[PDB]
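Undergrad: Have a look at the structure that comes next, please.
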Amino acid sequence: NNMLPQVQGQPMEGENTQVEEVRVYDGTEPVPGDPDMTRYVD
Amino acid sequence: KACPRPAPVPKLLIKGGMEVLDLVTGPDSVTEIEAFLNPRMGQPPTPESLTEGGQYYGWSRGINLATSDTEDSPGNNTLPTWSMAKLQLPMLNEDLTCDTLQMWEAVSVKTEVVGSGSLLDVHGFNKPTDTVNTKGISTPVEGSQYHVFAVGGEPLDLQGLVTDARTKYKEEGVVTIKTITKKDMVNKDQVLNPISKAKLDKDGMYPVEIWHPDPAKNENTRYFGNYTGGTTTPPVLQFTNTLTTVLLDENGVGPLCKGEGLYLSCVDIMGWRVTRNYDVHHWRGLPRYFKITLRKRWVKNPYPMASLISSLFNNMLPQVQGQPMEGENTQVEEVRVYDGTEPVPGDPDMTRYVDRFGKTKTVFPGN
Amino acid sequence: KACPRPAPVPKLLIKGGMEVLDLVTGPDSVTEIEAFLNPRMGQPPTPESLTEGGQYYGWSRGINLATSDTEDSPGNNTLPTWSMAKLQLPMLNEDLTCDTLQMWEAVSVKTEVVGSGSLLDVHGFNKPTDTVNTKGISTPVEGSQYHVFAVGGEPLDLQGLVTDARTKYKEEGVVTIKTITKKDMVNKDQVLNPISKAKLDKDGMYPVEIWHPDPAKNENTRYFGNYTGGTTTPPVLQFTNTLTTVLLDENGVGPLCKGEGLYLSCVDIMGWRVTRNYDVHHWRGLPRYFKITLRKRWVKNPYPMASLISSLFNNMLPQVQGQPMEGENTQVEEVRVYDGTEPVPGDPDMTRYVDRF
Amino acid sequence: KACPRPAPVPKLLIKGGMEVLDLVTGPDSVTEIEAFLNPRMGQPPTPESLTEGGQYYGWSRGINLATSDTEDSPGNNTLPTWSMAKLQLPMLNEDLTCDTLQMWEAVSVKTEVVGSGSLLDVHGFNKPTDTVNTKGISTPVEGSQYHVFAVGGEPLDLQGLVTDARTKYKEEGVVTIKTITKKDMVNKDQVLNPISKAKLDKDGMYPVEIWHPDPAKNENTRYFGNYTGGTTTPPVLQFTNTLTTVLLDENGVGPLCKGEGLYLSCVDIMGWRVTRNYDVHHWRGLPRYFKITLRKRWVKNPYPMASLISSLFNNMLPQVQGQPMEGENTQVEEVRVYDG
Ligand SMILES: CC(=O)N[C@@H]1[C@@H](O[C@@H]2O[C@H](CO)[C@H](O)[C@H](O[C@]3(C(=O)O)C[C@H](O)[C@@H](NC(C)=O)[C@H]([C@H](O)[C@H](O)CO)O3)[C@H]2O)[C@H](O)[C@@H](CO[C@]2(C(=O)O)C[C@H](O)[C@@H](NC(C)=O)[C@H]([C@H](O)[C@H](O)CO)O2)O[C@H]1O
Ligand SMILES: CC(=O)N[C@@H]1[C@@H](O[C@@H]2O[C@H](CO)[C@H](O)[C@H](O[C@]3(C(=O)O)C[C@H](O)[C@@H](NC(C)=O)[C@H]([C@H](O)[C@H](O)CO)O3)[C@H]2O)[C@H](O)[C@@H](CO[C@]2(C(=O)O)C[C@H](O)[C@@H](NC(C)=O)[C@H]([C@H](O)[C@H](O)CO)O2)O[C@H]1O
Ligand SMILES: CC(=O)N[C@@H]1[C@@H](O[C@@H]2O[C@H](CO)[C@H](O)[C@H](O[C@]3(C(=O)O)C[C@H](O)[C@@H](NC(C)=O)[C@H]([C@H](O)[C@H](O)CO)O3)[C@H]2O)[C@H](O)[C@@H](CO[C@]2(C(=O)O)C[C@H](O)[C@@H](NC(C)=O)[C@H]([C@H](O)[C@H](O)CO)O2)O[C@H]1O
């Protein structure tokens with residue numbers, strides 16, 4: 001981080017990060033149905 | 001019970017934003033980061049109002065021409081600038097034992113520029129198709145276009161070459177070859193100035209017109225793009241969530257974020273819009289998406305612990321200042337070393353050296 | 001006896017319409033649905049009279065040109081909007097007693113746009129080749145063209161970016177950032193507006209001029225298409241039924257019609273036809289066809305009967321309103337979860353991020 | 001042995017023409033057929049002289065224009081029409097014992113359109129480069145070009161879609177949607193009318209401006225082609241003997257000739273020639289070659305003797321008209337079935 005100059009660069013953290021999403025995987029689960037359906041509340 | 005077992009897909013731990021990262025992953029554990037950079041060329045965000053910034057957002061302000069051969073001052077919003085950012089990642093593990101560490105290793109990236117659809121708004125006030133009666137279509141985005149981008153484990157090493165070394169860029173709010181190198185540009189810059197090389201230390205700052213992905217003999221970024229010159233030239237684009245690209249390197253490496261930072265960098269001109277008003281020819285860009293897939297890779301540590309440890313611990317000693325025991329005037333006229341025990345030589349004032357590999361009874365003085 | 005043996009081919013079960021679906025398939029049963037959609041940019045079908053609707057069906061009605069910088073009122077039928085629909089497949093399974101469940105899963109698909117031939121009519125009244133003596137050819141379609149499409153398991157996810165935020169889309173009669181976001185446009189919509197994201201819930205409603213296949217980091221659709229700008233740009237196409245395309249995913253998956261939906265969506269601008277009158281262009285689009293190949297696939301159950309039954313739990317109590325324990329004002333200062341057991345760490349709230357140092 | 005034997009290659013049996021077919025092939029006997037189609041768009045062959053038919057043969061006649069909106073009447077020679085033909089093959093062997101049949105199966109085909117060079121005559125009286133001082137080059141062909149073709153084992157299925165649905169096509173001397181749906185066009189046709197579908201049967205009759213290879217649910221033809229619109233769009237083309245194309249189906253079948261016939265179909269607009277006169281426009285076509293490679297393939301009879309005989313008998317026998325021998329006035333009084 002020393003040899004590496006300091007930026008300034010768009011927001012990839014913060015309140016307006018332009019990071020749309022992230023995910024992590026470590027396993028091997030059998031093809032789930034709707035991978036995205038949990039705790040329902042409006 | 002034995003209700004047939006579905007296909008084995010990789011299991012997602014958790015998803016969400018960067019923080020998801022925070023969670024200990026493990027070692028094969030992969031991370032997908034979708035993000036994007038907005039196109040920053042000219043008119044910056046800030047005047048959120050569509051009146052004061054006339055919301056020329058994501059647009060070259062107007063086109064500041066030049067006096068004549070002698071005087072070329074372009075406005076700071078007549079200057080599409082490289083758009084970029086850096087993602088900050090977690091820190092992984094060590095094993096000073098095996099002097100090896102794991103780093104964030106980027107692999108493939110899907111990317112996409114969006115908004116090609118926008119270039120179908122054909123009402124509004126652009127030069128009409130039929131000037132005469134002032135009819136037609138409010139003439140679409142046309143002209144040169146440029147799209148480049150990269151991805152790396154450190155910012156982008158670039159090189160500048162400009163059209164005219166005489167251009168009156170500002171010393172202010174943009175990084176020019178001058179801005180980086182004090183001394184004004186010369187004809188060399190105008191073609192390949194091996195000096196005129198910077199870094200992406202900033203953003204929305206080095207304009208494309210100047211700075212280019214320099215093929216440093218060395219690189220941990222993967223970049224690419226292309227130019228498509230012209231004045232009328234039609235824009236063309238690619239809509240697809242189907243393709244992934246390999247940030248992988250030739251040894252099967254891809255980049256690695258030294259500084260747990262991932263670095264995105266890109267540029268996307270579709271061409272100029274043209275005011276019906278006059279020939280205020282200001283250009284437009286679109287934003288780009290990124291889907292970086294990186295793993296955890298084990299790498300032989302570069303620089304030796306001890307050195308650092310003790311390179312540090314020695315830089316703490318008081319500073320001394322004092323007479324020269326090195327330099328061009330070392331007050332040391334001498335130094336020998338021995339370990340062995342040969343039997344008495346002959347010539348005592350014999351010299352002795354080892355070089356490039358081999359150790360020699362120095363040439364009998366009298367060559 | 002030894003008879004010659006014809007090459008084995010997949011044996012047909014039944015051919016026919018949507019009803020053939022109801023036939024009990026089996027499991028490696030394969031289905032070949034084959035449909036298409038009529039390109040809906042501007043002039044809606046309904047007025048079928050070629051006088052009243054002056055039959056512009058399949059054409060941008062007129063081509064309204066705004067007033068000036070501050071004033072841009074497009075006008076609905078000046079708008080090529082996204083065209084889609086949903087093939088509703090039959091339900092495959094009843095094992096929400098065991099986990100495993102099988103559902104419709106799209107694989108490959110052949111698509112094709114047609115009528116690329118109609119682009120050769122050169123009589124009729126269009127600005128002509130030779131204006132002078134009003135002669136030549138009724139000048140053909142040229143201009144910016146555009147085609148995209150997608151095959152997926154739920155509707156297509158979009159994103160808004162637009163040319164001018166001051167544009168005045170009649171909120172009445174077409175989806176638009178505001179109609180979905182209430183608040184008017186902003187300069188951010190003039191670029192990547194992460195808020196300005198919508199779904200393909202409706203149809204021939206989301207003008208393409210605004211809406212885009214958003215690469216929501218998450219997706220069960222496959223879309224593709226391209227923009228070809230230009231004022232006088234020559235149209236091009238691929239009249240052909242030879243090769244297919246794979247909706248298969250990276251893991252060998254393809255879409256899975258959640259719900260039991262097969263969602264087809266696309267757009268095909270060919271450029272605009274320009275009247276021999278004034279310079280009023282008005283785009284033409286062609287229909288696209290689809291040939292989806294889908295199979296039956298096993299997956300882990302997605303439905304927690306719990307939810308169902310726990311829908312009934314929140315009715316053992318009313319709706320509460322009370323302070324925010326979620327939002328931008330969660331008064332939840334913090335949460336941590338523990339499960340295992342590690343030996344004591346030193347500062348366990350380690351700045352896992354380097355720059356925090 | 002002592003004499004080096006060279007390489008083996010397929011042993012030709014007979015070169016010739018259609019007649020050649022007849023000799024008894026065998027079962028792996030491959031048959032190659034070269035042929036072609038003359039680009040029938042506009043002026044037909046018949047007006048033999050280049051004075052009376054001003055030998056436009058191979059050219060649209062003149063681009064007839066229109067009144068405006070309320071009226072557009074094309075003119076039968078202002079219309080390049082689909083071109084096609086049918087190769088008549090001979091019947092093969094069977095083995096009802098195993099309800100197996102042998103049929104003609106198209107495999108690959110080298111096709112090539114020639115005459116690309118013709119486009120290099122820049123004299124003659126087309127408008128010229130410099131019109132001002134009537135000097136330069138008599139402007140070559142330019143404009144929209146279209147090339148599509150198909151090799152099928154039954155006629156080509158096709159769907160009609162048109163631009164303006166009013167277009168007063170001359171209902172006679174050319175198939176139009178009306179010529180087939182027995183009624184007048186509708187906005188729907190103007191975009192995809194599922195009714196507006198038909199077949200190739202004729203030729204030099206189905207205008208291209210109207211019919212397009214329809215991806216029928218099911219198909220025994222391979223088609224391909226592309227449109228390259230535009231007004232001044234430059235022509236381009238492929239001169240090659242070298243490469244082949246495979247009619248082979250998804251499981252390697254290609255087409256089979258329903259009826260002992262092989263079907264060819266295509267169109268090749270190169271664009272148009274404009275006359276040094278007014279903006280008289282008429283398009284130019286080019287002919288196409290075809291080297292179809294086909295084989296003897298075994299199939300299952302997918303039908304049932306009995307009935308297929310029955311059909312035959314029926315198809316053979318006229319329809320009649322017959323006093324009511326059933327219905328409400330059956331002049332049949334009675335029937336008895338006795339056994340024994
Ligand atoms: C805001 C403004 O108009 N400033 C004047 C400058 O004109 C504008 O210059 C901009 C670039 O700086 C853009 O090109 C402007 O184009 C647009 C625009 O987006 O603003 C294009 C739009 O299409 C148009 N919109 C409409 C609806 O017409 C707008 C519109 O006019 C405005 O948005 C307001 O409605 O215009 C273009 O008009 C003018 O170029 C600058 C000159 O700036 C400098 C320079 O050369 O950089 C600044 C220097 O500091 C100055 N020197 C000193 C010592 O001060 C020099 C110097 O005066 C010059 O070299 C000699 O003339 O000029 O002046 C503004 O007044
Ligand atoms: C159906 C009709 O005639 N409506 C009038 C509008 O004219 C038509 O507007 C359409 C878009 O709304 C198209 O641009 C029309 O173009 C075509 C078409 O119908 O598609 C193009 C065709 O090629 C052409 N065919 C031929 C053979 O020429 C047809 C043809 O001309 C017509 O079918 C019959 O002649 O035309 C175009 O003709 C007219 O634009 C609207 C006004 O719209 C509004 C608006 O901004 O939404 C309505 C507001 O209520 C009005 N406000 C007030 C206070 O009057 C504003 C306002 O006047 C405007 O901002 C300033 O003028 O305009 O009126 C219809 O009568
Ligand atoms: C041979 C001829 O000129 N016949 C008259 C028609 O003119 C020709 O029409 C063709 C299309 O039908 C082409 O457009 C002709 O263009 C060319 C051509 O002959 O191919 C283009 C050539 O390049 C050009 N050669 C040169 C060197 O320029 C030739 C050249 O002019 C000829 O070789 C020599 O003259 O021209 C074009 O000339 C004309 O279009 C028709 C009228 O059409 C109809 C109609 O449908 O509207 C035909 C109807 O049958 C008729 N109805 C009745 C009841 O008679 C109506 C009706 O008469 C009309 O509306 C009112 O009079 O007209 O007439 C031919 O005689």
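Going through the structure tokens in order, the chains are called A, B, and so on, while each chain numbers its residues from 1 and the ligands are numbered from 1 in the order shown.
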With a distance cut-off of 12 Å and only C-alpha atoms, select the neighbouring residues of residue D:171, excluding the residue or stretch itself and same-chain residues fewer than 2 positions from it, and output the selection as an NGL selection string.

TA: :D and (73-76 or 167-169 or 173-185 or 205-206)

Undergrad: To check your reading of the model: which residues sit at most 7 Å from ligand 3 when counting only C-alpha atoms and all ligand atoms? Write the answer as an MDAnalysis selection string.

TA: chainID D and resid 54 61:64 73 75:78 275 277 280 282

Undergrad: Residues contacting ligand 2 - anything with an atom at most 7 Å away, using only C-alpha atoms and all ligand atoms - can you give me those as a ChimeraX atom specification?

TA: /C:54,61-64,73,75,77-78,275,277,280 /D:69

Undergrad: Generate a file of the selected residues that holds N, CA and C atoms, formatted as a compact mmCIF listing (two decimals), in the first residue's frame.

TA:
```
# COMPACT_ATOMS: atom_id res chain seq x y z
N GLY C 54 -55.11 4.00 -39.87
CA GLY C 54 -54.36 4.23 -41.11
C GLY C 54 -53.27 3.20 -41.17
N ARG C 61 -46.01 5.36 -34.64
CA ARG C 61 -47.10 6.10 -35.22
C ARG C 61 -46.50 7.27 -35.99
N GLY C 62 -46.46 8.44 -35.37
CA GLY C 62 -45.86 9.57 -36.04
C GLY C 62 -44.53 9.61 -35.35
N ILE C 63 -43.78 10.65 -35.60
CA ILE C 63 -42.52 10.73 -34.92
C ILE C 63 -42.48 12.14 -34.39
N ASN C 64 -43.03 12.28 -33.20
CA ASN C 64 -43.08 13.58 -32.57
C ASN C 64 -41.70 14.03 -32.22
N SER C 73 -41.76 16.44 -25.15
CA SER C 73 -42.93 15.60 -24.89
C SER C 73 -42.97 14.63 -26.06
N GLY C 75 -44.72 11.50 -26.65
CA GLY C 75 -46.03 11.15 -27.18
C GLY C 75 -45.91 9.66 -27.23
N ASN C 77 -47.33 6.78 -28.73
CA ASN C 77 -47.10 6.02 -29.95
C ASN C 77 -45.85 6.45 -30.76
N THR C 78 -45.07 7.37 -30.21
CA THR C 78 -43.83 7.78 -30.85
C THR C 78 -42.85 6.84 -30.23
N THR C 275 -41.74 9.54 -44.29
CA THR C 275 -42.70 10.00 -45.25
C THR C 275 -42.23 10.91 -46.35
N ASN C 277 -43.31 13.62 -47.59
CA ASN C 277 -44.23 14.63 -47.09
C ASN C 277 -43.23 15.58 -46.48
N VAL C 280 -41.00 13.15 -41.52
CA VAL C 280 -41.53 12.47 -40.38
C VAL C 280 -41.11 11.06 -40.57
N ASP D 69 -50.25 7.00 -50.26
CA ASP D 69 -51.01 6.32 -49.23
C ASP D 69 -52.21 5.61 -49.76
```

Undergrad: Return as a ChimeraX atom specification the residues of protein, DNA or RNA that approach ligand 1 to within 9 Å, with only C-alpha atoms and all ligand atoms taken into account.

TA: /B:43,51-56,59-67,71-78,125,170,274-282 /C:68-70

Undergrad: Taking only C-alpha atoms into account and nothing else, which residues of chain C lie no more than 12 Å away from chain A? Please answer as a PDB file with C-alpha atoms, in the first residue's frame.

TA:
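Dumped to iface.pdb:
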```
ATOM      1  CA  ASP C  99     -37.629 -31.758  -0.658  1.00  0.00           C
ATOM      2  CA  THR C 100     -36.822 -32.606  -4.174  1.00  0.00           C
ATOM      3  CA  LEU C 101     -39.058 -31.027  -6.721  1.00  0.00           C
ATOM      4  CA  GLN C 102     -38.985 -30.943 -10.467  1.00  0.00           C
ATOM      5  CA  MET C 103     -39.626 -27.912 -12.617  1.00  0.00           C
ATOM      6  CA  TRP C 104     -39.609 -26.576 -16.173  1.00  0.00           C
ATOM      7  CA  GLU C 105     -36.217 -25.697 -17.339  1.00  0.00           C
ATOM      8  CA  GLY C 153     -37.771 -18.011 -15.701  1.00  0.00           C
ATOM      9  CA  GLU C 154     -39.357 -14.843 -14.276  1.00  0.00           C
ATOM     10  CA  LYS C 188     -28.418   9.957 -12.305  1.00  0.00           C
ATOM     11  CA  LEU C 192     -26.556   4.552 -13.983  1.00  0.00           C
ATOM     12  CA  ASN C 193     -29.477   4.979 -11.740  1.00  0.00           C
ATOM     13  CA  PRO C 194     -29.457   1.956  -9.379  1.00  0.00           C
ATOM     14  CA  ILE C 195     -32.761   2.995  -8.167  1.00  0.00           C
ATOM     15  CA  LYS C 197     -34.698  -0.362 -11.887  1.00  0.00           C
ATOM     16  CA  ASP C 214     -30.093  -4.621 -16.171  1.00  0.00           C
ATOM     17  CA  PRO C 215     -27.337  -7.073 -15.343  1.00  0.00           C
ATOM     18  CA  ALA C 216     -28.770  -7.562 -11.839  1.00  0.00           C
ATOM     19  CA  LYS C 217     -25.830  -9.450 -10.491  1.00  0.00           C
ATOM     20  CA  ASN C 218     -28.623 -12.048 -10.172  1.00  0.00           C
ATOM     21  CA  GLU C 219     -30.418 -13.518 -13.239  1.00  0.00           C
ATOM     22  CA  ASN C 220     -32.525 -16.452 -14.548  1.00  0.00           C
ATOM     23  CA  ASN C 251     -23.188 -24.805 -14.372  1.00  0.00           C
ATOM     24  CA  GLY C 252     -25.334 -26.346 -17.033  1.00  0.00           C
ATOM     25  CA  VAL C 253     -28.578 -25.037 -15.995  1.00  0.00           C
ATOM     26  CA  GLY C 254     -30.493 -22.668 -18.051  1.00  0.00           C
ATOM     27  CA  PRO C 255     -33.615 -21.033 -16.841  1.00  0.00           C
ATOM     28  CA  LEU C 256     -36.080 -22.626 -14.627  1.00  0.00           C
ATOM     29  CA  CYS C 257     -39.519 -21.323 -15.044  1.00  0.00           C
ATOM     30  CA  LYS C 258     -40.255 -20.254 -11.554  1.00  0.00           C
ATOM     31  CA  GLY C 259     -43.977 -19.900 -11.144  1.00  0.00           C
ATOM     32  CA  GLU C 260     -44.438 -22.153 -14.093  1.00  0.00           C
ATOM     33  CA  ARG C 297     -35.403 -30.701 -13.716  1.00  0.00           C
ATOM     34  CA  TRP C 298     -34.964 -31.714 -10.192  1.00  0.00           C
ATOM     35  CA  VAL C 299     -34.175 -29.112  -7.592  1.00  0.00           C
ATOM     36  CA  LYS C 300     -34.382 -28.638  -3.888  1.00  0.00           C
ATOM     37  CA  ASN C 301     -37.681 -27.372  -2.746  1.00  0.00           C
ATOM     38  CA  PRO C 302     -38.055 -23.526  -2.672  1.00  0.00           C
ATOM     39  CA  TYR C 303     -41.406 -23.392  -0.788  1.00  0.00           C
ATOM     40  CA  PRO C 304     -41.338 -23.407   3.053  1.00  0.00           C
ATOM     41  CA  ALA C 306     -43.699 -22.804   7.219  1.00  0.00           C
ATOM     42  CA  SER C 307     -44.161 -19.478   5.437  1.00  0.00           C
ATOM     43  CA  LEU C 308     -47.649 -20.613   4.464  1.00  0.00           C
ATOM     44  CA  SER C 310     -46.613 -18.738   9.463  1.00  0.00           C
ATOM     45  CA  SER C 311     -48.566 -16.394   7.257  1.00  0.00           C
ATOM     46  CA  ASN C 314     -48.809 -13.048  11.952  1.00  0.00           C
ATOM     47  CA  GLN C 319     -49.645  -5.272  11.994  1.00  0.00           C
ATOM     48  CA  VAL C 320     -47.205  -3.359  13.992  1.00  0.00           C
ATOM     49  CA  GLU C 326     -34.778  -2.155   9.564  1.00  0.00           C
ATOM     50  CA  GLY C 327     -34.404   0.718   7.064  1.00  0.00           C
ATOM     51  CA  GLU C 328     -31.905   3.561   6.930  1.00  0.00           C
ATOM     52  CA  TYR C 353      -9.625  -4.292   5.929  1.00  0.00           C
ATOM     53  CA  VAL C 354      -6.121  -3.039   5.309  1.00  0.00           C
ATOM     54  CA  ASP C 355      -6.710   0.690   5.012  1.00  0.00           C
ATOM     55  CA  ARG C 356      -8.465   0.796   8.400  1.00  0.00           C
ATOM     56  CA  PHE C 357      -4.906   0.537   9.729  1.00  0.00           C
TER      57      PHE C 357
END
```

Undergrad: What parts of stretch 252-288 of chain B does DSSP call strand (DSSP E)? I'd like the answer as JSON, numbers by chain.

TA: {"B": [256, 257, 261, 262, 263, 264, 265, 266, 267, 268, 269, 270, 271, 272, 283, 284, 285, 288]}

Undergrad: Export, as a JSON list (two decimals), in the first residue's frame, the selected residues with C-alpha atoms.

TA:
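Saved as part.json:
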```
[["chain", "number", "residue", "atom", "x", "y", "z"],
["B", 256, "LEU", "CA", -3.90, -10.47, -7.84],
["B", 257, "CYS", "CA", -4.80, -7.48, -5.74],
["B", 261, "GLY", "CA", -7.78, -3.63, -3.82],
["B", 262, "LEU", "CA", -9.32, -4.56, -7.08],
["B", 263, "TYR", "CA", -9.07, -1.90, -9.71],
["B", 264, "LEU", "CA", -11.62, -1.18, -12.36],
["B", 265, "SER", "CA", -11.00, 1.25, -15.12],
["B", 266, "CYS", "CA", -12.83, 1.99, -18.37],
["B", 267, "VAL", "CA", -14.17, 4.52, -20.94],
["B", 268, "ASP", "CA", -17.20, 4.67, -23.12],
["B", 269, "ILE", "CA", -17.86, 7.16, -25.77],
["B", 270, "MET", "CA", -20.68, 6.64, -28.10],
["B", 271, "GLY", "CA", -19.98, 9.88, -29.92],
["B", 272, "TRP", "CA", -21.34, 13.42, -30.04],
["B", 283, "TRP", "CA", -20.19, 13.99, -26.75],
["B", 284, "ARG", "CA", -21.85, 11.20, -24.73],
["B", 285, "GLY", "CA", -20.88, 8.14, -22.78],
["B", 288, "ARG", "CA", -20.19, 0.05, -17.53]]
```

Undergrad: Taking 6 positions as the minimum chain separation for residues in the same chain, which residues sit within 10 Å of residue B:166 when counting only C-alpha atoms? Answer as a list in words.

TA: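 Close residues of residue B:166: residues 69, 70, 71, 72, 73, 184, 185, 186, 187 and 190 of chain B.
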
Undergrad: Please identify all polymer residues within 7 Å of residue C:159, counting only C-alpha atoms, omitting same-chain residues fewer than 5 positions from it, and present them as a PyMOL selection string.

TA: chain C and resi 196-198+211-214

Undergrad: Here is a test: counting only C-alpha atoms, which residue of D:72, D:32, D:19, D:105 is nearest to chain C?

TA: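 Nearest candidate to chain C out of D:72, D:32, D:19, D:105: D:72.
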
Undergrad: I need the residue nearest chain B from this list: C:272, C:239, C:149, C:223. Use only C-alpha atoms for the distance.

TA: C:223

Undergrad: Measuring between only C-alpha atoms, which one of C:273, C:166, C:336, C:288 shows the shortest distance to chain B?

TA: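 Using only C-alpha atoms, chain B sits closest to C:166.
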
Undergrad: Taking only C-alpha atoms into account, what are the residues of chain D at most 8 Å from chain C, put as a PyMOL selection string?

TA: chain D and resi 63-69+71-72+74+98+100+144+146+148+160-167+186-188+190-192+208-215+217+222-231+233+251+278-281+297-300

Undergrad: Pick out the residues sitting within 10 Å of residue B:173, and hand them over as JSON, numbers by chain; count only C-alpha atoms, and ignore anything fewer than 6 positions along from it in its own chain.

TA: {"B": [76, 179, 204, 205, 206]}

Undergrad: Can you pull out the residues contacting stretch 292-299 of chain B? Cut-off 10 Å, using only C-alpha atoms, and skip same-chain residues under 6 positions away; I want them as a ChimeraX atom specification.

TA: /A:22-24 /B:25-35,92-94,99-111,151,244-247,253-257,262,264

Undergrad: Could the residues in this selection be saved with C-alpha atoms as an mmCIF file, in the first residue's frame?

TA:
```
data_model
loop_
_atom_site.group_PDB
_atom_site.id
_atom_site.type_symbol
_atom_site.label_atom_id
_atom_site.label_comp_id
_atom_site.auth_asym_id
_atom_site.auth_seq_id
_atom_site.Cartn_x
_atom_site.Cartn_y
_atom_site.Cartn_z
ATOM 1 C CA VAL A 22 -21.679 -9.638 -3.958
ATOM 2 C CA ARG A 23 -21.903 -13.253 -3.135
ATOM 3 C CA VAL A 24 -19.703 -15.918 -1.910
ATOM 4 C CA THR B 25 -14.671 -17.536 3.538
ATOM 5 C CA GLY B 26 -12.435 -20.484 3.777
ATOM 6 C CA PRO B 27 -10.034 -21.102 0.845
ATOM 7 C CA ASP B 28 -11.677 -22.144 -2.402
ATOM 8 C CA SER B 29 -14.510 -19.858 -1.476
ATOM 9 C CA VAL B 30 -15.410 -17.558 -4.261
ATOM 10 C CA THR B 31 -16.658 -14.136 -4.487
ATOM 11 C CA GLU B 32 -18.625 -12.430 -7.156
ATOM 12 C CA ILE B 33 -18.685 -8.696 -7.190
ATOM 13 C CA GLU B 34 -21.040 -6.910 -9.482
ATOM 14 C CA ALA B 35 -20.343 -3.222 -9.648
ATOM 15 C CA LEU B 92 -6.406 -13.282 3.868
ATOM 16 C CA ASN B 93 -3.998 -15.541 5.671
ATOM 17 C CA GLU B 94 -0.297 -16.145 6.254
ATOM 18 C CA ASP B 99 6.744 -17.762 3.991
ATOM 19 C CA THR B 100 3.730 -17.919 1.796
ATOM 20 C CA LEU B 101 0.526 -15.937 1.678
ATOM 21 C CA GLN B 102 -2.737 -16.027 -0.148
ATOM 22 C CA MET B 103 -3.998 -13.033 -2.161
ATOM 23 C CA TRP B 104 -7.192 -11.907 -3.869
ATOM 24 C CA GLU B 105 -6.937 -13.298 -7.350
ATOM 25 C CA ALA B 106 -9.171 -12.003 -10.086
ATOM 26 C CA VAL B 107 -10.099 -14.354 -12.788
ATOM 27 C CA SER B 108 -12.885 -13.578 -15.109
ATOM 28 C CA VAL B 109 -15.119 -10.753 -15.612
ATOM 29 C CA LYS B 110 -18.325 -10.238 -17.335
ATOM 30 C CA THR B 111 -18.817 -6.648 -18.291
ATOM 31 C CA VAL B 151 -9.141 -4.793 -14.454
ATOM 32 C CA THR B 244 -17.394 -14.026 -19.295
ATOM 33 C CA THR B 245 -13.846 -13.043 -19.876
ATOM 34 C CA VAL B 246 -10.642 -14.220 -18.723
ATOM 35 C CA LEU B 247 -8.613 -11.953 -16.629
ATOM 36 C CA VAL B 253 -2.767 -16.466 -13.087
ATOM 37 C CA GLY B 254 -4.896 -13.488 -13.742
ATOM 38 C CA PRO B 255 -4.421 -10.487 -11.555
ATOM 39 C CA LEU B 256 -3.899 -10.470 -7.836
ATOM 40 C CA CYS B 257 -4.798 -7.477 -5.738
ATOM 41 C CA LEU B 262 -9.319 -4.556 -7.082
ATOM 42 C CA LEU B 264 -11.617 -1.182 -12.360
#
```

Undergrad: Could you check how far atom CA of residue D:110 sits from atom CA of residue D:17, in Å to one decimal?

TA: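 Computing the Euclidean distance for atom CA of residue D:110 and atom CA of residue D:17 yields 17.7 Å.
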
Undergrad: Distance atom CA of residue C:127-atom CA of residue C:283, one decimal place?

TA: 14.2 Å
